[PDB]
Amino acid sequence: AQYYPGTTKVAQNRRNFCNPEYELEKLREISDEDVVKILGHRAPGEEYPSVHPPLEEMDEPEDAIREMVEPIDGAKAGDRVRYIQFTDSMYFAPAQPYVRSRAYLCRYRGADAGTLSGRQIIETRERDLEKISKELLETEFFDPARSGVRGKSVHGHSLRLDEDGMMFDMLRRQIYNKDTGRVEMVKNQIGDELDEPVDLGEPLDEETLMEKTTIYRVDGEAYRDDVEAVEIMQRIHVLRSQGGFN
Amino acid sequence: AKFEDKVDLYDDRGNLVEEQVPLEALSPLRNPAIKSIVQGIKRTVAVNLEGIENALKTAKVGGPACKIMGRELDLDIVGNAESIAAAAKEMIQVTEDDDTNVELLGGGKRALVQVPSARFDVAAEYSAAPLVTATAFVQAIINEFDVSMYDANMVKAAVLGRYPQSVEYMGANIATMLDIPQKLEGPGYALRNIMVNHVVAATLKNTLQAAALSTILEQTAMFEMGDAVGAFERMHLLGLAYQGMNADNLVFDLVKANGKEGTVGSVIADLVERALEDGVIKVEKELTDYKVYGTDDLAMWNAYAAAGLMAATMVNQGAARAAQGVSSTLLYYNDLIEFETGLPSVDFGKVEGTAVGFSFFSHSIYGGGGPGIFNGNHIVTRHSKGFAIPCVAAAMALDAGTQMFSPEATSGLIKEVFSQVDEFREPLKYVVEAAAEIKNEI
Amino acid sequence: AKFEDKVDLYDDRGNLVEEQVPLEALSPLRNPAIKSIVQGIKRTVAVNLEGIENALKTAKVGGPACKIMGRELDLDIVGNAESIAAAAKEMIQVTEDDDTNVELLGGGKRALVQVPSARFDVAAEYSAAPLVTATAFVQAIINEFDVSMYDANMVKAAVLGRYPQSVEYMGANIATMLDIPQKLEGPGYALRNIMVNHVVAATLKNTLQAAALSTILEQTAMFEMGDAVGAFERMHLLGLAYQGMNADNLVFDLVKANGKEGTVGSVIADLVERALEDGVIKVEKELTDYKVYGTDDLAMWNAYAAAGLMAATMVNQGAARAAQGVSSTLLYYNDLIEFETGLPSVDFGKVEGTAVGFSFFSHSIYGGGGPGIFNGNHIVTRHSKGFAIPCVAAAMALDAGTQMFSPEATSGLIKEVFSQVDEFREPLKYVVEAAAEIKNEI
Amino acid sequence: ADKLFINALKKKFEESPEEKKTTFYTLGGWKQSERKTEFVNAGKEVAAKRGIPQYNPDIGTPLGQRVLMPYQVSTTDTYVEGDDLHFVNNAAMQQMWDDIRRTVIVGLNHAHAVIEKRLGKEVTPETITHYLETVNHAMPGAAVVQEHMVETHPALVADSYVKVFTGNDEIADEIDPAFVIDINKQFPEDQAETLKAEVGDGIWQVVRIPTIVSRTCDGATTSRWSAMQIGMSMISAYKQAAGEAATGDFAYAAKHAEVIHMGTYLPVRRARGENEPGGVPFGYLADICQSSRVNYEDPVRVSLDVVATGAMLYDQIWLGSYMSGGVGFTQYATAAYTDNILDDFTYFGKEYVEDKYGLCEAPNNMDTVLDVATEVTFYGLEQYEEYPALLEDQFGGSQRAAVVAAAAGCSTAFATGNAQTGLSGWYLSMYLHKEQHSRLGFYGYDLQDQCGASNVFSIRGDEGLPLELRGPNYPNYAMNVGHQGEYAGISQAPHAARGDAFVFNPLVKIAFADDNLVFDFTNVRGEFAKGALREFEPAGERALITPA
Ligand SMILES: C[C@@H](OP(=O)(O)O)[C@H](NC(=O)CCCCCCS)C(=O)O
Ligand SMILES: C[C@@H](OP(=O)(O)O)[C@H](NC(=O)CCCCCCS)C(=O)O
Ligand SMILES: O=S(=O)(O)CCS
Ligand SMILES: [Mg+2]
Ligand SMILES: [Mg+2]
Ligand SMILES: [Mg+2]
Ligand SMILES: [Mg+2]
C-alpha cells in the first residue's frame, strides 16, 4: 500500500505511522501497572469488569461471518469498552489527530477511533486497550511535552507553550521537572491524583520533533510546497464534484 | 435489459447459486421477491394482546406513567384470544380465502396480522394496516365481552393510545416496521424510517441477512425518492448487488481473507488489488513513489468500494463484537481509500460525511444515541443514498451485548412477530432465487 | 355477498343503466373502476413546461417574488418539448409496453405524465409520481441543451422549487391532486387532502360528476382510515351509493321535483314522504299533533337523508348559482330534519357540526376562505366521515362566478391536464359500468 | 500595513503576537475576570434567596488557568469579555431575532380586487390611507367594531405597526408618509430603480406584531395576528358587513395567498411553525441585513455584516438554544465577527481576485475555484502559523475552519459572480485545511463538508438547490455549528460584488429598510457591541405592569 502522497518528511512520516510493517521507534519504558494507572478505569490487580458473558457461554447463532472473523481477546471475555485519548500540540508534536485515526485503523483490530481538533480517542475492549495503550505511550506516537493523555478538559493543542516547552493543561496532569529535565505524570487521564508519579522520560528536542512531525507548517515543511500531496486533494475534490452531478 | 452488466449470485454460506444474471433481475422494479418483501412490510402488524389486557386492568393508557383511576376494566383477553382473533379476521379480510393472515403467538399473548393486499390497491399509502387492524381488534374485544358503550372508549385507548390528541399512536399496543407518514424527513422516505434494530431483530442477528434486508429497504427507497432514475439507476443497482447481495462473492471473500487477523487497512489493500485485477481501475499517472489510479466506470468502482466497506465493517466490528465502531469504519475506510488511490470514496464522499455526523451523534451529549436507533430517515444518517445504513445493520448484528438500547430493548415485539415471516428473516435466499427464475425475462 | 342490499344504477341524465346491483359491487375494495381512479390519481402529474421556461429566463425560482439576479438561463424548452418529453418518458417507464403515459398539451406548454403502476407496487406511498417525474424532466432538459454542471441546479429549482429547504415543493412547476404526506391531519387522510376546486376543475363543472368524484375519494379514504370496517362498513357503502352515485335515481328525482320552485324545506318534506313509502322509517309514537318516527335500519335512514342533503344543496345553491350557501344548507337541512322527524341527522350530527364550523370559517376573519379551498383534510371540514364534502363540490360546480378563489384561480393546471383523463372527468360512467360487469361475482 | 487583527491581539496578551511562549496558572482562575467575579457574587445571592445552590466556581474544573480574553467586536473599538456576547446576556441579539420573528409581509393586491370586484367598491389612495390609520390602531390590539372590548395597553405594544411600500411612485406620494417605506429615500438610486421594477404596481404591507406577544407565543403567531387585525381594519374602513362571505376572501388572502413568511415550517424531528430561525433561507437572511444599502462601495463589508447576522442567529440562538441549549455556542459564532480576523482574510482574497481577474470577471468554472479558494485558504492558515497569539485566540479548530473557508468561499464568489462556485470553494478549503494541519473541527464538524463537493452541483431531489435557496433545513446543513451564518455570507458575496440590490427576495430587502425597527439592521456588528455594553434598549419588557 502507498497510504499517502507527497515528498516531504511530513508525508513520509504520515506513511510510516500508517504502515503496519514500519517499526515504531520505542523511546521509553512504562510498566504494565503504570499503564493501568494512567488509564484510570480499574486498579492494578482488580479483575476486568464485564458487560456481557464470555462468548463461549452465549451460544450465538449460525452466521458464516461470525465464524470467519476472530474476536479480539477482550471481546471473548466480555470486557467493558474503555478509552484512551490524546491531545497533540500544533507545535510539532510527532502525531496529530487524523494521523492517529488513520494509523489506528491500519494497525489495530476492533477499533473505534474518533478525530477532533483538540482530542483524538480510541475505544475498544479493556484488556486490548491496555496493550495498545502501552505502544501508544512507549513509542514515537508520544512526546511527554508536546502530547498529553486527557480524558477531559483537553484545551491546549492550539495554545502557546509554557516557558519549559510544555503544552498547556488545565489540570496539570504532566509536570516538567526543571531540576532533572524529565516529565512525570502526576494524575491519571481524567485528572485524579496518582499514588506514585510515572516517569515519561525526556522531551524530544526541537530538531528531532521537526524530523518526526506529521503537521505541515510554514516554519517546518509547508503543505503548499508539497505539490504532489496538494494535487491529489484537488483531484478528489474535482472527482467528487463531477460524480455528484453526473 | 437496459444495462449490459451481469453478476454471479451466491448464498449466505459462500456457495454459488446462479451465474451471469442480468443486473436488473435484482432491481426492486423487476424482482418479485423484493415486491413481496415491500408489500409484506406495508401490511404486517403486530398486536400485543397481553399489553392491551394489562393496560385495561390498570387503566394505564395514553403514554408513559399515565393512568386514569376509576376506569379499570378486568377482561380475560389472552384467555379468549382465539375467539377474538377470529372475529377480527372476518372484519379485516375482504373475501374468504384472500391473503389475510392472523396467527396467535405465545399462547395468545401476541398476534401476527397481515392485512389483505386488496386494501392497499385502493389506498394512497400504508396506514390502513395499523388502523384497520386496530379497529377490528377493538370491535372484536367489545363484542366478545359485551363491553358497554360507557366503557368501550378505554379499549380504544388501550389499543391505539393517545391518538388523535397525539399525532402518533402514543402508548399503543400495536407495532409496525414503518412509522407514521407525518414523520418523514421528505416525500418518499417511508421505507427509510425503519430502525436498524428492527432489521436486526427480524433477521435474528444473522449478519448477511441483516445487511441484505437493510440494503433492499434502503435501495428500494431510492427508487421511490427518484434518486435511482436515469443516469443514477445503474449506480444504485450495482450498490444493491455488490454491497447487499454478495454479488460475485466479493464481500464474503474479503471477509474470509481478513477475518482472522485483518484490519480496515488490510481490507482496503485487498479491495484495491481485486479492483485492479478485474479491470475496474487502472493506473492513470505516476507521481513520486505514488500511483494515481483512474477508472472508466465510476459506478462500478463505487460498487467495488462499497463491497469492501461492508467487509471492513464486518472485520473491524466483528473483531470487537461491538457495534459502536461502525461510525469510525464508515469514516476512515473512505478517508483512507481516497488517499490510497486518488479516486473518490463510496457515494462520492457522502458515506464519509454521514459517518462524521454519525460518529459525533453516537459519542456526544447533543443527540442521536447508539447505532441501533438510527435509520435512513434520521437527520443524522439520511445523507448517503443507501450505502451507509446496511453497514450499521451488519455491525449491530455482530454486537455481543455492549448496547443499552439493543434490539431486545427497542424491538422485542418485532423480533417475536416479524421474524416469523420467512421473507423478512432470510430475504437473501428469496431475492436470489427469484432473480434466477426471471434471468431470461430481463 | 356480505350484505343483501341491492341498488338500481342510473347515469347523469337520469336514465337507468342496470337493475338490482348488489351493494358491494360499488365498494372501493371490489369495484375495478374505483381502483383505476385511485391508482390514476396517485400516478398522474402535470408538468408546466412553459412555467419552467419562464422561471429560468427570469431566474424567478423558489417561491413568491423570489429571484436570483445573474442566474438567468435562456432555453427554448417549449420549442423542443417533443424531444424532452420523449427523453423523459424513457427515464420514467419501467418497460417499453407498460402503462407509462406522457402526452403534450397546449402545443408543448404542458405535459400529462402518468408514472407506471409498477413503480407503486414497490413503493410505500405516492410521492414517487412527482419525484420521478421531476428528476426525469430535469435530466431530460439538461441533456437536451447540454446545460453545464455549473448551471444545472437552476433547472432543478425551476422544476421542484425550494425543496428540500422547504418541506413542500414551494415554487414548483409541477402539480398533483394529492399533497405531500407530511400535511395529513392524520394517518390515512391522503385521499382527503384534495381541494374541492381540484375536483370541480377535473370534472369541468358537471355537477353530478363532481359529486361522484368527491364521494368516491371521501368514502375510499374512509376505508384507508379504517372507519368503514366491521360494524360501520354498510353505512359507508350505502352513503357512497345514495349520495354520490345517484342510487335509485333518488337525488335526481328530488331535484327534478323541487328544482323549479323548491327550497331546503320542501326537499325535506319530499324525502320524509319517500322514506315512509319505502318503509325506511315508520311512525313509532304519537305526541300532541306530532308524529315521532323510528327506524329499524339506521344505516338506510342515514343514506336516504344523505341523498336529500345532496338534493337540498343542488336546489338551494343551484337557485342562487352561488356556492357560499352550501354551508347553510348542510347545517339547517340536518337541523330541520331532526325536529321534523325525531330521528338523528346525517352522520349522527357530524354533518351539522361540520357545517357550523364551515359556515364560520367561510364568513369570518379567522381563517378558512371560500368553499372551493376546503377538503376532507382541512381542520374545519374533516369531521364528517364522507357526507359533507361531496355537497361542497356540487355547490362549486354550480357557481356562476361569485368566487374570487375559484377553480380557475387555484386549479387551472389541474383543469387543463387532469380533465383529459376520461375516468377523472366522467367517473360516474366508469364506476357504474364496472359495477354492472361484476354484479355476479359478488 | 499591519494585518487588521494585530491591534486586538496586542490588547489581549502582554506578549507580542509572534511570541511562541507564555506563562499559565498564575492568573488566579476566575478572579482575573470582572465578569466572572460579578457572576460568582450573583450566584451566592441567588442561592441564598431561593434556597437552592446555583452558580458556584468550585464545581467542575477551574476556569481561567489561561488568559480569559476580551474580544474586539469587528469594525468597532469596543472590547468586551465573551460573556457579554452570549445571547442570554445581550439584549441586542435578542431584539434582532424578535424583530425578524414578529415581521410578516402581506400583499394588498388580492384584497383590493375583492373590494372592487366582489363588493363593487372603489380603492383610492384616500381609502388606503384611511385603512392604514385604522390598522395602526387595530394591529397592536385595539378595537374598531364591537362594544365592550378590552384592549392591550398601548405602551406595552408601542413597537407594533404597519407600513406599506410600492414601486408606483405616484401612489406612494399620495399616501401619508408616516405609513410609507420610501424606496427612493432609503436606497441609492441604482438600487432603488431595480427594486421598484421588481415590485411594480403591487402594494405590500410590512406588519410587525408586538415583541411582548412574540416572546409570550412563537413565530407562527405572527401571520395569524397580522391577518386578524387586517381583517378587522378592512371591515371597518371599507364598510362591509362585520362578517359576511367576502370577509373570508380577505382572511385567505392575508393568511395564505399573499403572505411572505420569514421562515417556513420544519419537519417533525425538529418540529417548528413558521417564522422560526430554521425556516429562514440564507438568501432571506442576507436580504434582511441592510448593510447592502449603506456599504455598497465595499463588498467585503456587506458580505461580512451578513456573516455576523447569520453567525449570531443561526449558531448562538438557533443551534445553540432552540436545538441544544445550555452554555451554548457563543464563541463558535464570535470567531466570525470579532478581532477583525475574518475581515483580514477576506480583504486579502478580494485583492487577489481584483488584481488577477477583476471582480466578477473570472470564468465561472472549477479552474477559478481551485485557484482562488486554494490561495485564500493557504493565506489564512499561514496567519495562524506566523502568529501564535492568533492561534490561541481562535483555539477551536471548528472556529478556524469556518473563518478560513468563509474567506475562501466569499473570495471565489467575488471572482465568479456566482454563489454556487463560491460554495465549491468553501468545501475545497475544508479539505486542504484538514490535510495541512491533520485536524479540522469538532467530532461532527465536516458531515456536510464531506458530502459537500458532490452536492454543490447535484440536481437530485433533496440534494440539488442553488445556495441562495438553501437554509438551515437543507438536509446536510440541519445539525452543525460553524457553517450556516458563513453560507449566508457566501450567498451575499457575488451579489455585493455585482452591485445587486438584493440576493433572493426584493420584498424582504425593502421590508427591513425601516427606521422604526428596534434593532438597527444597517449596523449589525455595532448593535452587538452596544448590547454587550448593556446600552441597548429592547422592546417587550413588562416594567409598566409590575411593582417597583
Ligand atoms: C440530531 C437530533 O437529535 P435527536 O437524535 O433527534 O435526539 C437533533 N439535534 C441536533 O441537531 C443538535 C443540533 C445542535 C447541537 C449540535 C451543534 S454542532 C434534534 O434535537 O432534533
Ligand atoms: C382554521 C385554520 O385556519 P386556516 O384555514 O388554515 O387559515 C386554523 N385557524 C384557527 O383554527 C383559528 C382558531 C382561533 C380563532 C377562532 C376561535 S373561535 C389555523 O390558523 O391553522
Ligand atoms: O467534542 S464534540 O466534537 O463531540 C462537541 C464539540 S462542542
Ligand atoms: Mg515493558
Ligand atoms: Mg467460492
Ligand atoms: Mg291523527
Ligand atoms: Mg434606536
Side-chain angles (χ1 to χ4, degrees), chain A residues 90 117 157-158 215-220 222-225 230 233-234 237, chain D residues 1-6 8-9 17-18 74 300 303-304 307-308 311 331-356 369-398 400-415 422-441 445-446 449 452 482-483 485-487 489-490 493:
Chain A
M90 298 182 43
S117 69
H157 82 273
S158 47
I215 193 170
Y216 294 97
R217 296 181 54 100
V218 70
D219 52 349
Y223 183 50
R224 70 195 310 160
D225 293 322
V230 177
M233 185 73 255
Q234 288 182 341
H237 176 82
Chain D
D2 293 30
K3 310 272 159 71
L4 310 179
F5 51 75
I6 293 292
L9 299 180
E18 303 91 353
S74 303
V300 169
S303 304
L304 293 196
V307 176
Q331 287 166 124
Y332 278 131
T334 60
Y337 62 81
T338 55
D339 299 342
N340 294 316
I341 295 160
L342 179 52
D343 314 60
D344 188 271
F345 297 1
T346 311
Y347 275 115
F348 166 86
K350 184 261 194 179
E351 286 299 295
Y352 183 76
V353 163
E354 193 175 59
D355 191 49
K356 179 153 170 188
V369 175
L370 297 177
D371 172 26
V372 177
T374 299
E375 191 78 21
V376 173
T377 292
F378 286 159
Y379 173 84
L381 292 179
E382 185 177 282
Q383 300 320 297
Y384 297 112
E385 288 168 8
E386 301 262 26
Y387 296 100
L390 188 63
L391 187 58
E392 176 166 326
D393 190 11
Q394 306 205 317
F395 53 86
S398 299
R400 303 192 292 279
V403 169
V404 175
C410 283
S411 295
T412 299
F414 290 155
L423 189 58
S424 195
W426 166 278
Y427 292 122
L428 170 69
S429 176
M430 277 330 168
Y431 305 146
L432 295 165
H433 190 151
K434 160 172 166 189
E435 292 314 305
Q436 180 153 326
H437 289 161
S438 196
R439 51 168 55 70
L440 191 57
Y445 182 81
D446 57 316
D449 319 84
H483 295 78
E486 289 79 17
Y487 290 151
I490 296 168

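Below, chains carry the letters A, B, ... as their sequence lines are ordered, and counting in each starts from 1. Quick note: numbers below take in every heavy atom, side chains included, and nothing from hydrogens, waters or symmetry partners.
- Take A:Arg224 and apply the salt bridge (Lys or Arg N to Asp or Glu O under 4.0 Å) test, not counting sequence neighbours, and it matches D:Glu375, D:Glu382.
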Starting from the C-alpha separation in whole Å, work towards a yes-or-no answer on side-chain contact (heavy atoms from CB on, under 4.5 Å) for D:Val404 and D:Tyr379. CA-CA 9 Å; D:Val404 175; D:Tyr379 173 84; over 6 Å; no
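- D:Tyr347 is linked by a ring-ring contact (aromatic ring centres under 6.0 Å, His included) to nothing, counting only residues two or more places apart in sequence or in another chain.
- Listed by chain and number, the residues in a ring-ring contact (aromatic ring centres under 6.0 Å, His included) with D:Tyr427 amount to none (sequence neighbours excluded).
- Panel note: side chain D:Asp344, backbone D:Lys3; no donor-acceptor pair is recorded below 3.5 Å.
- In the model, A:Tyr223 has no side-chain atom that pairs as donor or acceptor with a side-chain atom of D:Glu435 under 3.5 Å.
- Residues forming a ring-ring contact (aromatic ring centres under 6.0 Å, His included) with D:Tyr387 (at least two apart in sequence, or on another chain): D:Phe5.
- When all heavy atoms of A:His237 and D:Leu370 are compared, the pair lying nearest together is CD2-CD2, 4.5 Å.
- Annotation: the span from A:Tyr216 atom OH to D:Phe378 atom CZ amounts to 10.0 Å, rounded to 0.5 Å.
- Under 3.5 Å, the side chains of D:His437 and A:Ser117 contain no donor-acceptor pair of N or O atoms.
- Contacts of D:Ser74 classified as side chain to side chain contact (heavy atoms under 4.5 Å, CB included), with partners at least two apart in sequence or in another chain: D:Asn340, D:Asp343, D:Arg525.
- When all heavy atoms are compared, the tightest approach of D:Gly441 to D:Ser398 is CA-OG, 3.2 Å.
- Under the 3.5 Å distance criterion, the side-chain polar atoms of D:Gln394 are left unmatched by any main-chain donor or acceptor of D:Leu390.
- With sequence neighbours excluded, the residues forming a side chain to side chain contact (heavy atoms under 4.5 Å, CB included) with D:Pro388 are A:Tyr91, A:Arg160, D:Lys20, listed by chain and number.
- Contact check for D:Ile341 versus D:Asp393: side-chain heavy atoms found under the 4.5 Å cut-off.
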Steps toward side-chain contact (heavy atoms from CB on, under 4.5 Å) verdict (D:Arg400, D:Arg439): CA-CA 11 Å; D:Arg400 303 192 292 279; D:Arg439 51 168 55 70; 3.7 Å; yes
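- Nearest heavy-atom pair, D:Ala308 versus D:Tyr337, reported as atom, atom and distance to 0.1 Å: CB-CB, 3.8 Å.
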Apply side-chain contact (heavy atoms from CB on, under 4.5 Å) to A:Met90 and A:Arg217, showing your working. CA-CA 9 Å; A:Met90 298 182 43; A:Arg217 296 181 54 100; 4.3 Å; yes
D:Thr412 vs D:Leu423, side-chain contact (heavy atoms from CB on, under 4.5 Å): CA-CA, chis, key distance, verdict: CA-CA 8 Å; D:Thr412 299; D:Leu423 189 58; over 6 Å; no
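- Contact record, D:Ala405 with D:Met430: CB-CE, 3.5 Å, taken as the closest heavy-atom pair.
- D:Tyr431 places a side-chain N or O within 3.5 Å of a backbone atom of D:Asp449 that can act as its donor or acceptor partner.
- Contact check for D:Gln436 versus A:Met233: no side-chain heavy atoms found under the 4.5 Å cut-off.
- Here the side chains of D:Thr334 and D:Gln331 are in contact, with some heavy-atom distance below 4.5 Å.
- Take D:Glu351 and apply the side chain to side chain contact (heavy atoms under 4.5 Å, CB included) test, not counting sequence neighbours, and it matches D:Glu354.
- Under the side chain to side chain donor-acceptor pair (under 3.5 Å) criterion, A:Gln234 pairs with D:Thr374, sequence neighbours left out.
- Residues passing the side chain to side chain donor-acceptor pair (under 3.5 Å) test with D:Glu386: none are found, sequence neighbours excluded.
- Contact between D:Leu391 and A:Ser158 at its shortest, heavy atoms only, is CG-O, 3.3 Å.
- Side-chain contact check for D:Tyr352 and D:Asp371: at least one donor-acceptor pair (N or O, by modelled atom type) lies under 3.5 Å.
- Every residue two or more places apart in sequence or in another chain that forms a side chain to side chain contact (heavy atoms under 4.5 Å, CB included) with D:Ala407 is listed here: D:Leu342, D:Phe345, D:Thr346, D:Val376.
- Scanning both residues, D:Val372 and D:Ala415, for their nearest heavy atoms gives CG2-CB, 4.3 Å.
- Counting only heavy atoms from C-beta outward, the side chains of D:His483 and D:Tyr445 approach each other to under 4.5 Å.
- In terms of the ring-ring contact (aromatic ring centres under 6.0 Å, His included) criterion, D:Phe414 has no residue partners (sequence neighbours excluded).
- Considering only residues two or more places apart in sequence or on other chains, D:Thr377 meets the side chain to side chain donor-acceptor pair (under 3.5 Å) condition with D:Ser429.
- Remark: the backbone N or O of D:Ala406 is not paired with any side-chain donor or acceptor of D:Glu486 at under 3.5 angstrom.
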